[PDB]
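Below is the file upload-v9.cif, which contains mmCIF, C-alpha atoms and all ligand atoms.
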```
data_run
loop_
_atom_site.label_atom_id
_atom_site.label_comp_id
_atom_site.auth_asym_id
_atom_site.auth_seq_id
_atom_site.Cartn_x
_atom_site.Cartn_y
_atom_site.Cartn_z
CA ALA A 4 47.58 62.30 -80.20
CA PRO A 5 49.69 59.69 -78.37
CA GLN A 6 53.29 60.15 -79.50
CA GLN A 7 53.76 56.51 -80.55
CA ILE A 8 51.04 56.86 -83.18
CA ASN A 9 52.27 60.28 -84.23
CA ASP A 10 55.79 59.03 -84.69
CA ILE A 11 55.05 55.75 -86.50
CA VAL A 12 52.62 57.46 -88.87
CA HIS A 13 54.84 60.42 -89.70
CA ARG A 14 58.00 58.33 -89.99
CA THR A 15 56.33 55.98 -92.47
CA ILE A 16 54.08 58.24 -94.52
CA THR A 17 56.41 61.20 -95.01
CA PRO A 18 59.09 59.20 -96.93
CA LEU A 19 56.33 57.38 -98.75
CA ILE A 20 54.87 60.67 -100.01
CA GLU A 21 58.38 61.78 -101.03
CA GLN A 22 59.32 58.55 -102.82
CA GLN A 23 56.01 58.26 -104.68
CA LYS A 24 55.50 62.01 -105.39
CA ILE A 25 51.96 61.92 -103.95
CA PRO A 26 50.36 65.40 -104.18
CA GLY A 27 48.03 64.95 -101.23
CA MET A 28 47.28 62.28 -98.67
CA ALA A 29 45.05 61.66 -95.67
CA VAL A 30 45.53 58.89 -93.10
CA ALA A 31 43.45 57.58 -90.22
CA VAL A 32 44.65 55.19 -87.63
CA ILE A 33 42.00 53.52 -85.45
CA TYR A 34 43.65 52.57 -82.18
CA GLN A 35 41.76 50.86 -79.36
CA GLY A 36 38.62 52.01 -81.21
CA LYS A 37 39.43 55.75 -81.48
CA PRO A 38 40.50 57.47 -84.74
CA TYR A 39 43.53 59.75 -85.21
CA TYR A 40 43.91 61.76 -88.38
CA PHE A 41 46.81 62.99 -90.42
CA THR A 42 46.92 65.07 -93.61
CA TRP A 43 49.60 66.19 -96.10
CA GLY A 44 49.88 68.24 -99.24
CA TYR A 45 47.26 69.23 -101.78
CA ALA A 46 43.75 68.29 -102.83
CA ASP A 47 44.08 70.74 -105.75
CA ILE A 48 47.59 71.80 -106.75
CA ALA A 49 46.59 74.52 -109.18
CA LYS A 50 44.27 76.18 -106.68
CA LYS A 51 46.59 75.43 -103.70
CA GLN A 52 43.78 73.79 -101.68
CA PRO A 53 45.23 71.65 -98.88
CA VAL A 54 44.10 68.13 -97.97
CA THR A 55 41.90 68.28 -94.85
CA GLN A 56 39.76 65.92 -92.82
CA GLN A 57 36.89 67.00 -95.08
CA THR A 58 38.58 66.40 -98.44
CA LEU A 59 36.80 63.80 -100.64
CA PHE A 60 38.97 61.21 -102.38
CA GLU A 61 37.93 58.59 -104.97
CA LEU A 62 38.03 55.24 -103.16
CA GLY A 63 38.15 53.30 -106.41
CA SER A 64 37.78 49.56 -105.66
CA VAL A 65 37.58 50.07 -101.86
CA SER A 66 33.98 50.76 -102.97
CA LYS A 67 33.68 46.97 -103.40
CA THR A 68 33.59 46.75 -99.63
CA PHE A 69 30.46 48.92 -99.46
CA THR A 70 28.95 46.84 -102.29
CA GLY A 71 29.73 43.64 -100.38
CA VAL A 72 28.20 44.92 -97.16
CA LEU A 73 25.09 46.20 -98.92
CA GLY A 74 24.74 42.74 -100.53
CA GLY A 75 25.27 41.22 -97.11
CA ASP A 76 22.53 43.44 -95.65
CA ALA A 77 20.15 42.39 -98.46
CA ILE A 78 20.86 38.75 -97.64
CA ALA A 79 20.15 39.50 -93.99
CA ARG A 80 16.84 41.14 -94.99
CA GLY A 81 15.91 37.88 -96.75
CA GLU A 82 15.73 39.74 -100.09
CA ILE A 83 18.40 37.58 -101.84
CA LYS A 84 20.36 34.38 -101.14
CA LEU A 85 23.96 33.83 -102.29
CA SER A 86 22.90 30.38 -103.44
CA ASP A 87 20.36 31.98 -105.82
CA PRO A 88 20.98 31.61 -109.59
CA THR A 89 21.89 34.90 -111.24
CA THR A 90 18.97 34.42 -113.62
CA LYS A 91 16.50 34.59 -110.75
CA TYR A 92 17.04 38.38 -110.58
CA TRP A 93 17.82 38.88 -114.28
CA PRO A 94 15.32 36.66 -116.12
CA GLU A 95 16.48 38.05 -119.49
CA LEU A 96 19.83 36.38 -118.93
CA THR A 97 18.80 33.22 -120.77
CA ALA A 98 22.07 32.01 -122.29
CA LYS A 99 22.95 28.48 -121.08
CA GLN A 100 26.42 29.37 -119.69
CA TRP A 101 24.50 31.11 -116.89
CA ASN A 102 23.10 27.80 -115.64
CA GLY A 103 24.94 27.16 -112.38
CA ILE A 104 26.30 30.70 -111.95
CA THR A 105 25.00 32.05 -108.57
CA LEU A 106 25.08 35.39 -106.75
CA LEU A 107 27.96 33.94 -104.72
CA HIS A 108 30.05 33.46 -107.86
CA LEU A 109 29.36 37.00 -108.95
CA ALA A 110 30.19 38.48 -105.51
CA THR A 111 33.48 36.65 -105.26
CA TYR A 112 34.91 36.75 -108.81
CA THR A 113 34.42 32.99 -109.27
CA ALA A 114 31.84 32.91 -112.07
CA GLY A 115 34.30 31.56 -114.64
CA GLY A 116 36.27 34.47 -116.07
CA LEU A 117 34.13 37.59 -116.22
CA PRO A 118 36.55 40.36 -117.28
CA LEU A 119 38.13 43.01 -115.06
CA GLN A 120 36.24 45.75 -116.88
CA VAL A 121 32.90 46.02 -118.64
CA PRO A 122 33.99 46.97 -122.15
CA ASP A 123 34.10 50.72 -122.87
CA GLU A 124 31.81 50.08 -125.86
CA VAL A 125 28.96 49.20 -123.47
CA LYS A 126 26.99 52.44 -123.28
CA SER A 127 23.31 51.44 -123.04
CA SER A 128 21.58 48.98 -120.74
CA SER A 129 20.71 46.80 -123.75
CA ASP A 130 24.45 46.85 -124.47
CA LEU A 131 24.99 45.46 -120.98
CA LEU A 132 22.51 42.62 -121.50
CA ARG A 133 24.23 41.77 -124.79
CA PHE A 134 27.59 41.74 -123.02
CA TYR A 135 26.60 39.24 -120.32
CA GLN A 136 24.57 37.07 -122.69
CA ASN A 137 27.50 36.79 -125.11
CA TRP A 138 30.26 36.37 -122.53
CA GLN A 139 31.86 32.91 -122.78
CA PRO A 140 33.30 31.58 -119.44
CA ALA A 141 36.79 30.14 -119.69
CA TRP A 142 36.16 28.00 -116.57
CA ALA A 143 33.43 26.13 -114.71
CA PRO A 144 31.65 28.09 -112.00
CA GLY A 145 33.48 28.10 -108.65
CA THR A 146 36.86 26.88 -109.79
CA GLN A 147 38.94 29.99 -110.49
CA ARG A 148 39.08 33.57 -109.16
CA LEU A 149 39.63 36.49 -111.54
CA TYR A 150 39.19 39.88 -109.85
CA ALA A 151 36.53 41.63 -111.93
CA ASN A 152 34.37 44.77 -111.87
CA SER A 153 31.96 43.09 -114.24
CA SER A 154 31.54 40.33 -111.66
CA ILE A 155 30.97 42.18 -108.36
CA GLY A 156 29.42 45.15 -110.20
CA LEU A 157 26.70 42.88 -111.48
CA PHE A 158 26.26 41.37 -107.99
CA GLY A 159 25.70 44.85 -106.60
CA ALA A 160 23.10 45.80 -109.22
CA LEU A 161 21.21 42.53 -108.74
CA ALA A 162 21.37 42.47 -104.94
CA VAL A 163 19.22 45.63 -104.86
CA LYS A 164 16.48 44.58 -107.31
CA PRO A 165 14.07 43.17 -104.70
CA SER A 166 14.24 46.31 -102.56
CA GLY A 167 13.01 48.17 -105.60
CA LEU A 168 15.61 50.85 -104.80
CA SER A 169 18.19 52.20 -107.16
CA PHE A 170 21.70 51.05 -106.16
CA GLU A 171 22.48 54.59 -105.00
CA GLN A 172 19.28 55.00 -102.94
CA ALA A 173 19.82 51.60 -101.36
CA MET A 174 23.45 52.33 -100.54
CA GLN A 175 22.51 55.76 -99.09
CA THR A 176 19.58 54.55 -96.99
CA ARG A 177 20.86 51.12 -95.87
CA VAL A 178 24.58 51.73 -95.38
CA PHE A 179 25.70 55.38 -95.49
CA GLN A 180 22.87 56.84 -93.37
CA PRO A 181 22.72 54.18 -90.61
CA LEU A 182 26.50 54.48 -90.11
CA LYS A 183 26.42 58.32 -90.23
CA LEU A 184 28.66 58.51 -93.27
CA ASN A 185 27.26 61.89 -94.24
CA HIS A 186 30.15 62.78 -96.48
CA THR A 187 30.30 59.57 -98.53
CA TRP A 188 28.86 59.70 -102.07
CA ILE A 189 28.38 57.65 -105.23
CA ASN A 190 27.79 60.96 -106.99
CA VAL A 191 29.55 64.02 -105.55
CA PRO A 192 26.85 66.72 -104.87
CA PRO A 193 27.52 70.35 -105.94
CA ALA A 194 27.52 71.28 -102.27
CA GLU A 195 30.67 69.16 -101.75
CA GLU A 196 32.57 70.09 -104.92
CA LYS A 197 34.82 72.51 -103.00
CA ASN A 198 36.02 69.50 -100.97
CA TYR A 199 36.46 67.12 -103.94
CA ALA A 200 40.19 66.53 -104.49
CA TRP A 201 41.57 66.30 -107.99
CA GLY A 202 43.43 63.11 -108.84
CA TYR A 203 46.76 63.34 -110.61
CA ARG A 204 47.82 61.07 -113.40
CA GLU A 205 50.97 61.88 -115.35
CA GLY A 206 50.70 65.26 -113.66
CA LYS A 207 47.27 65.98 -115.12
CA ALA A 208 44.28 66.74 -112.85
CA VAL A 209 41.61 64.06 -113.46
CA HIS A 210 38.39 62.67 -112.05
CA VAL A 211 36.87 59.20 -112.50
CA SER A 212 35.11 58.66 -115.86
CA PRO A 213 31.51 57.45 -116.13
CA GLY A 214 31.19 53.75 -116.98
CA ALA A 215 28.87 50.75 -116.77
CA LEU A 216 28.47 49.47 -113.19
CA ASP A 217 30.86 52.16 -111.93
CA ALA A 218 28.86 52.92 -108.80
CA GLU A 219 28.83 49.25 -107.86
CA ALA A 220 32.49 48.46 -108.58
CA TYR A 221 34.58 51.57 -107.99
CA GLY A 222 32.42 54.66 -107.73
CA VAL A 223 32.38 55.77 -104.07
CA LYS A 224 34.07 58.96 -102.80
CA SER A 225 34.65 59.61 -99.14
CA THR A 226 36.51 61.64 -96.52
CA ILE A 227 39.14 60.27 -94.12
CA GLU A 228 36.66 60.85 -91.25
CA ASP A 229 33.91 58.77 -92.83
CA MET A 230 36.41 56.09 -93.83
CA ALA A 231 37.63 55.91 -90.24
CA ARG A 232 33.98 55.40 -89.27
CA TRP A 233 33.62 52.70 -91.96
CA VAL A 234 36.64 50.89 -90.42
CA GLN A 235 35.28 51.22 -86.86
CA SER A 236 31.97 49.73 -88.05
CA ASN A 237 33.70 46.81 -89.75
CA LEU A 238 35.92 46.30 -86.71
CA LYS A 239 33.02 46.13 -84.31
CA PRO A 240 29.76 45.35 -86.09
CA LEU A 241 27.92 44.33 -82.92
CA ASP A 242 28.06 48.05 -82.03
CA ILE A 243 25.66 48.59 -84.92
CA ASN A 244 22.02 49.07 -84.03
CA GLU A 245 20.47 48.10 -87.35
CA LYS A 246 20.20 44.31 -87.23
CA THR A 247 20.47 43.46 -90.93
CA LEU A 248 23.41 45.86 -91.35
CA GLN A 249 25.31 44.26 -88.47
CA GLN A 250 24.64 40.91 -90.12
CA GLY A 251 25.64 42.13 -93.56
CA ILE A 252 28.92 43.42 -92.21
CA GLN A 253 29.59 40.01 -90.66
CA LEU A 254 28.61 38.23 -93.89
CA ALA A 255 31.04 40.32 -95.93
CA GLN A 256 33.91 39.07 -93.78
CA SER A 257 33.01 35.41 -94.00
CA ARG A 258 35.62 33.27 -95.82
CA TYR A 259 34.07 31.87 -99.03
CA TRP A 260 37.17 30.80 -101.03
CA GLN A 261 40.84 30.35 -100.40
CA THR A 262 43.66 31.04 -102.85
CA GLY A 263 47.09 30.65 -101.29
CA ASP A 264 47.10 32.53 -97.98
CA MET A 265 44.12 34.72 -98.86
CA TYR A 266 40.41 34.26 -98.24
CA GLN A 267 37.76 35.96 -100.37
CA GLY A 268 34.93 37.80 -98.50
CA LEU A 269 32.21 39.96 -100.12
CA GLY A 270 34.42 42.85 -101.22
CA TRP A 271 36.79 42.38 -98.28
CA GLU A 272 39.76 40.04 -98.53
CA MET A 273 41.26 38.39 -95.48
CA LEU A 274 44.42 36.69 -94.24
CA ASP A 275 45.09 35.06 -90.90
CA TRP A 276 46.88 37.39 -88.46
CA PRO A 277 49.79 37.54 -87.86
CA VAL A 278 51.13 37.67 -91.41
CA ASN A 279 54.26 38.97 -93.05
CA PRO A 280 53.76 41.72 -95.66
CA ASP A 281 55.71 39.73 -98.24
CA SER A 282 52.64 37.51 -98.17
CA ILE A 283 50.22 40.43 -98.23
CA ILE A 291 49.63 42.47 -112.89
CA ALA A 292 46.80 43.27 -115.29
CA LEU A 293 45.21 39.76 -115.19
CA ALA A 294 45.84 37.12 -112.47
CA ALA A 295 43.79 33.90 -112.68
CA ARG A 296 44.00 31.70 -109.58
CA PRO A 297 42.42 28.35 -108.70
CA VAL A 298 40.23 28.58 -105.58
CA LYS A 299 39.33 26.02 -102.96
CA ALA A 300 35.71 26.31 -101.79
CA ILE A 301 35.27 26.81 -98.08
CA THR A 302 32.25 24.60 -97.45
CA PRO A 303 30.50 26.06 -95.62
CA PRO A 304 32.01 29.57 -95.41
CA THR A 305 33.89 30.35 -92.20
CA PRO A 306 32.33 33.09 -90.07
CA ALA A 307 34.29 36.32 -89.77
CA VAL A 308 37.60 35.47 -88.06
CA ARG A 309 38.74 38.04 -85.47
CA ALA A 310 42.49 37.36 -85.81
CA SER A 311 42.52 38.53 -89.42
CA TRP A 312 44.23 41.08 -91.56
CA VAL A 313 41.14 42.27 -93.46
CA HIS A 314 41.92 44.63 -96.28
CA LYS A 315 41.10 46.17 -99.63
CA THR A 316 43.13 48.18 -102.13
CA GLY A 317 41.51 50.70 -104.44
CA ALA A 318 42.54 52.67 -107.51
CA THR A 319 41.18 55.09 -110.07
CA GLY A 320 43.21 56.77 -112.80
CA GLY A 321 44.02 59.56 -110.38
CA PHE A 322 43.67 58.10 -106.89
CA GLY A 323 45.13 55.34 -104.71
CA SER A 324 43.41 54.05 -101.59
CA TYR A 325 44.01 51.32 -98.99
CA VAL A 326 42.15 50.07 -95.92
CA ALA A 327 43.30 47.36 -93.51
CA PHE A 328 42.19 46.31 -90.04
CA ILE A 329 42.65 43.58 -87.49
CA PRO A 330 39.46 42.89 -85.52
CA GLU A 331 40.98 41.10 -82.53
CA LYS A 332 43.24 44.11 -81.83
CA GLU A 333 40.69 46.82 -82.49
CA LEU A 334 43.23 48.24 -84.84
CA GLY A 335 43.06 49.68 -88.33
CA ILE A 336 44.26 52.13 -90.93
CA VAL A 337 42.92 54.08 -93.91
CA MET A 338 45.29 55.63 -96.45
CA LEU A 339 43.79 58.01 -99.09
CA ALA A 340 45.93 59.61 -101.83
CA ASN A 341 45.25 61.57 -105.01
CA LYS A 342 47.79 59.60 -107.02
CA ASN A 343 47.51 55.90 -108.05
CA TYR A 344 50.87 54.66 -106.64
CA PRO A 345 51.96 51.03 -106.39
CA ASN A 346 49.94 48.68 -104.14
CA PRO A 347 52.94 47.02 -102.46
CA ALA A 348 54.04 50.42 -101.17
CA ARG A 349 50.58 50.95 -99.57
CA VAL A 350 50.64 47.56 -97.92
CA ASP A 351 54.25 48.03 -96.75
CA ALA A 352 53.41 51.36 -95.09
CA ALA A 353 50.18 50.04 -93.55
CA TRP A 354 51.92 46.95 -92.13
CA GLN A 355 54.78 49.05 -90.74
CA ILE A 356 52.21 51.23 -88.90
CA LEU A 357 49.84 48.52 -87.59
CA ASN A 358 52.66 46.18 -86.65
CA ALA A 359 54.22 48.91 -84.53
CA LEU A 360 50.99 49.74 -82.68
CA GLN A 361 49.86 46.17 -82.19
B1 LIG A 401 39.72 48.69 -108.40
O1 LIG A 401 40.25 49.99 -107.96
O2 LIG A 401 40.71 47.66 -108.14
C1 LIG A 401 39.33 48.68 -109.94
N1 LIG A 401 40.44 48.80 -110.87
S1 LIG A 401 40.21 49.05 -112.45
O3 LIG A 401 41.44 48.79 -113.10
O4 LIG A 401 39.23 48.19 -113.01
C2 LIG A 401 39.77 50.71 -112.83
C3 LIG A 401 40.79 51.68 -112.88
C4 LIG A 401 40.48 53.02 -113.22
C5 LIG A 401 39.15 53.38 -113.50
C6 LIG A 401 38.85 54.69 -113.85
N2 LIG A 401 37.73 55.11 -114.54
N3 LIG A 401 37.85 56.44 -114.72
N4 LIG A 401 39.07 56.83 -114.13
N5 LIG A 401 39.65 55.74 -113.60
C7 LIG A 401 38.14 52.42 -113.49
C8 LIG A 401 38.45 51.08 -113.14
#
```
Before anything else, please render the file you have as structure tokens.
Amino acid sequence: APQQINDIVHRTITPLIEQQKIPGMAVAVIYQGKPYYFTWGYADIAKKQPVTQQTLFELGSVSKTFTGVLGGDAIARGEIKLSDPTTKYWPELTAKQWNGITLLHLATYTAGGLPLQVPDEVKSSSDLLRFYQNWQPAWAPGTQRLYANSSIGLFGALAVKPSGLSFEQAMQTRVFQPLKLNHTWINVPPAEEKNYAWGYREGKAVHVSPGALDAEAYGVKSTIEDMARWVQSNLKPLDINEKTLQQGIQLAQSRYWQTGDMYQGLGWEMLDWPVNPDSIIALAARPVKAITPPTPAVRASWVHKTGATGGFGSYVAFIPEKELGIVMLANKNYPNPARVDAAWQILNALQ
């Protein structure tokens, strides 16, 4: 590994792991297209299993990027349109607040105040229908962004209806398999359990809990190798041989809404590069300006996504015009600003 990369990564991540008491971490830097891997610490403290290039971590909300790309692929297949009313794919959603709420609003958190989480009380699918029928929007469609699992989770479930595939089968066959992400899972198979890191919350070993729309909003688990491949694919989607997937990748990085310095993609969020990290809270409602029509994927962008579960903390960022990116996977949910600080320190040095 070129010494510059070695040094910038170790000099940044080592103190980070010490300050944040992270049990285990894996990092990939993609530099001029090629990935370089680094690991530290423990996937399972009790059993003294080290983090390796094959360890699975919960991506948490970095999963929203897969959901956005799979939606993008479905659009490219002509199966759905972002301008389609939500009710077109869920006819039972008859309550009048849904008039004017499109797949775009769902995908981009702009439906009018759908909550961060589907309530824990929602167990059955009829419970889920009740939830969305009874939800009262605080705002008109397309006026305010509130980051929400119940918003993009629903987008993901609806985007796959026409295919006739379950969300998992569609994700596996249309995204994971074409990109050779053979160790990326919505449901960890028994064969891979030995690789599945424990997350650590208040020092307790924990895994993600089942919940409504989990798969679609925060349910993917992946290795640092596969996540490096996910970054390469998003960096360079013209490399991709499957036409609708290449298109879906590009659609997920289009700029649909602006709030401050940030643009909302499908799953991905983007800022113009260069940026300062200073530029890069349980509820944060923000007015959005519509980008009419959406701007095509911009190459000079910091494109990123943070992800958390109770026990894990993940971050991915890349800059297309520099062929440069980073994936940070940890089995502790440590503060976002620290992730972004470390990632900026690393990419800025190599750029
Ligand atoms: B995303 O990572 O930004 C979603 N964040 S979330 O706050 O909605 C969230 C946090 C933790 C879980 C979780 N379920 N079981 N363990 N952790 C789910 C959603």
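In terms of minimum interatomic distance to ligand LIG 401 (chain A), A:151 ranks closest within A:307, A:151, A:353, A:243, counting all atoms listed in the file.
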Write out as a Markdown table a residue-level contact list of chain A versus ligand LIG 401 (chain A) with cut-off 7 Å: for each qualifying residue the closest pair of atoms and the distance in Å to one decimal, counting all atoms listed in the file, rows sorted by chain and residue number upward.
```
| residue | atom | partner | partner_atom | distance |
| --- | --- | --- | --- | --- |
| A:63 | CA | A:LIG401 | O1 | 4.2 |
| A:64 | CA | A:LIG401 | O1 | 3.4 |
| A:65 | CA | A:LIG401 | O1 | 6.7 |
| A:119 | CA | A:LIG401 | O4 | 5.7 |
| A:120 | CA | A:LIG401 | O4 | 5.5 |
| A:152 | CA | A:LIG401 | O4 | 6.1 |
| A:210 | CA | A:LIG401 | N4 | 6.2 |
| A:211 | CA | A:LIG401 | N4 | 3.6 |
| A:212 | CA | A:LIG401 | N3 | 3.7 |
| A:213 | CA | A:LIG401 | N3 | 6.6 |
| A:220 | CA | A:LIG401 | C1 | 7.0 |
| A:221 | CA | A:LIG401 | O1 | 5.9 |
| A:316 | CA | A:LIG401 | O2 | 6.5 |
| A:317 | CA | A:LIG401 | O1 | 3.8 |
| A:318 | CA | A:LIG401 | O1 | 3.6 |
| A:319 | CA | A:LIG401 | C4 | 3.8 |
| A:320 | CA | A:LIG401 | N5 | 3.8 |
| A:321 | CA | A:LIG401 | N5 | 6.6 |
```
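Distances here use only C-alpha atoms; by that measure, the residue among A:327, A:231, A:278, A:109 closest to residue 71 (chain A) is A:109.
Taking CA of residue 142 (chain A) and CA of residue 296 (chain A) as endpoints, the distance between them is 11.1 Å.
Remark: for residue 266 (chain A), the closest of the candidate residues A:298, A:234, A:248, A:20 is A:298 (distances computed over all atoms listed in the file).
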Quiz item: Pick the closest to residue 118 (chain A) from A:260, A:150, A:328, A:69: which is it, counting only C-alpha atoms?
Solution: A:150
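Residue nearest residue 56 (chain A), chosen from A:227, A:11, A:157, A:125 and counting all atoms listed in the file: A:227.
Restricting the calculation to all atoms listed in the file, the smallest distance between residue 7 (chain A) and any of A:70, A:193, A:310, A:34 is found for A:34.
Pairwise distance (CA of residue 237 (chain A), CA of residue 155 (chain A)) equals 19.4 Å.
Between CA of residue 309 (chain A) and CA of residue 111 (chain A) there is a distance of 20.5 Å.
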Quiz item: Need the neighbours of (35.7, 36.0, -102.8): which residues are at most 12 Å away, counting all atoms listed in the file, as a PyMOL selection string?
Solution: chain A and resi 67-68+71+85+106-114+145-151+154-155+254-262+265-273+296-301+304+315
Could you turn the residues from that selection into a file that holds C-alpha atoms, as a tab-separated table (two decimals), in the frame of the given file?
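The result, written out as again_33.tsv:
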```tsv
chain	number	residue	atom	x	y	z
A	67	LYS	CA	33.68	46.97	-103.40
A	68	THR	CA	33.59	46.75	-99.63
A	71	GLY	CA	29.73	43.64	-100.38
A	85	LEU	CA	23.96	33.83	-102.29
A	106	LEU	CA	25.08	35.39	-106.75
A	107	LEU	CA	27.96	33.94	-104.72
A	108	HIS	CA	30.05	33.46	-107.86
A	109	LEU	CA	29.36	37.00	-108.95
A	110	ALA	CA	30.19	38.48	-105.51
A	111	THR	CA	33.48	36.65	-105.26
A	112	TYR	CA	34.91	36.75	-108.81
A	113	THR	CA	34.42	32.99	-109.27
A	114	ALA	CA	31.84	32.91	-112.07
A	145	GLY	CA	33.48	28.10	-108.65
A	146	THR	CA	36.86	26.88	-109.79
A	147	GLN	CA	38.94	29.99	-110.49
A	148	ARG	CA	39.08	33.57	-109.16
A	149	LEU	CA	39.63	36.49	-111.54
A	150	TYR	CA	39.19	39.88	-109.85
A	151	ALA	CA	36.53	41.63	-111.93
A	154	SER	CA	31.54	40.33	-111.66
A	155	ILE	CA	30.97	42.18	-108.36
A	254	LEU	CA	28.61	38.23	-93.89
A	255	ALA	CA	31.04	40.32	-95.93
A	256	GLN	CA	33.91	39.07	-93.78
A	257	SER	CA	33.01	35.41	-94.00
A	258	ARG	CA	35.62	33.27	-95.82
A	259	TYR	CA	34.07	31.87	-99.03
A	260	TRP	CA	37.17	30.80	-101.03
A	261	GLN	CA	40.84	30.35	-100.40
A	262	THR	CA	43.66	31.04	-102.85
A	265	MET	CA	44.12	34.72	-98.86
A	266	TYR	CA	40.41	34.26	-98.24
A	267	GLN	CA	37.76	35.96	-100.37
A	268	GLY	CA	34.93	37.80	-98.50
A	269	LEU	CA	32.21	39.96	-100.12
A	270	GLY	CA	34.42	42.85	-101.22
A	271	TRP	CA	36.79	42.38	-98.28
A	272	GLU	CA	39.76	40.04	-98.53
A	273	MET	CA	41.26	38.39	-95.48
A	296	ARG	CA	44.00	31.70	-109.58
A	297	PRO	CA	42.42	28.35	-108.70
A	298	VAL	CA	40.23	28.58	-105.58
A	299	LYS	CA	39.33	26.02	-102.96
A	300	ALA	CA	35.71	26.31	-101.79
A	301	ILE	CA	35.27	26.81	-98.08
A	304	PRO	CA	32.01	29.57	-95.41
A	315	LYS	CA	41.10	46.17	-99.63
```
Quiz prompt | Residue neighbourhood residue 81 (chain A), 12 Å, only C-alpha atoms, exclusion window fewer than 3 positions, as a PyMOL selection string | solution = chain A and resi 74-78+84-85+87+162-163+165-166+247+250-251
Exercise. Do a neighbour search on residue 88 (chain A) at 8 Å with all atoms listed in the file, toss out local chain neighbours closer than 4 positions, and write the hits as a ChimeraX atom specification.
Key: /A:92,102-106
Self-check item: Near-region 131-134 of chain A list (9 Å; all atoms listed in the file; drop same-chain fewer than 2 positions) as an NGL selection string
Solution: :A and (95-96 or 121-122 or 125-129 or 136-138 or 215)
Please list as a compact mmCIF listing (two decimals) with C-alpha atoms, in the coordinates of the input every residue within 10 Å of residue 35 (chain A), counting only C-alpha atoms and excluding residues in the same chain fewer than 2 positions away.
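Dumped everything to around-v6.txt:
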```
# COMPACT_ATOMS: atom_id res chain seq x y z
CA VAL A 32 44.65 55.19 -87.63
CA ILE A 33 42.00 53.52 -85.45
CA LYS A 37 39.43 55.75 -81.48
CA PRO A 38 40.50 57.47 -84.74
CA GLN A 235 35.28 51.22 -86.86
CA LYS A 332 43.24 44.11 -81.83
CA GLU A 333 40.69 46.82 -82.49
CA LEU A 334 43.23 48.24 -84.84
CA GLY A 335 43.06 49.68 -88.33
CA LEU A 360 50.99 49.74 -82.68
CA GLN A 361 49.86 46.17 -82.19
```
Quiz item: Skipping near chain neighbours, those fewer than 3 positions away, what residues fall within 12 Å of residue 9 (chain A) using all atoms listed in the file, listed as a PyMOL selection string?
Solution: chain A and resi 4-6+12-17+30-32+34+39-42+356+359-360
